[PDB]
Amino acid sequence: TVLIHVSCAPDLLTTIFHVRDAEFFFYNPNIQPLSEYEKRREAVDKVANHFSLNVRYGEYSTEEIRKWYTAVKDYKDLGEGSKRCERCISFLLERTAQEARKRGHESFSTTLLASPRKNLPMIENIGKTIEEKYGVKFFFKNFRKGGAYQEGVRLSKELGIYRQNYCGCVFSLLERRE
């Protein structure tokens, strides 16, 4: 069994075309503000109910966000795709791999591997670094191949699932406004 970090419902929809016995872990203190976190979480919940997925919801709180910001703040001023995002993704995946140890999963992964905007090599490198540090296997798949991303868009449109237009953190919202 594999514990798969869930970033958002569109990425989840892409991912589940290619996985069948996973437990999903929605953990995203990078998402601000709270109203946006709640909207994305409710979209994930909608997908999970529709397909009977097993999703666990991680902590979201002042303390959790402060830990995340502490981990990414020395690089605030680099764009997206830089070392800021490397630290961000490593924070999320480290918490996922810890949770996988705690729940008896021998493998972990992330729906960010389904995200058209993210750097697949950077994520593989992070997952394998964490695999080394915690001895939980990182399951890599290019979840976007097979045109699976389009399958995710189609199901999103049908199920009426919210599709966000910024990565999640305050930095990415500011870059959205440019």
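So that there is no doubt, residue numbering starts at 1 and follows the sequence shown.
The stretch with the higher mean CA B factor, choosing between 164-172 and 7-15, is 164-172. Averaged over CA atoms, B-factors in the entry run higher in 138-146 than in the other of 138-146 and 36-44. In the PDB entry, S82 places in the highest third of its chain by CA B-factor. In the PDB entry, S61 places in the middle third of its chain by CA B-factor. Per the PDB record, residue ranking by Cα B-factor puts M122 in the middle third of the chain. Sort the modelled residues of the chain by CA B factor and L92 lands in the lowest third. Ranked by C-alpha B-factor against the other modelled residues of its chain, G152 falls in the middle third.
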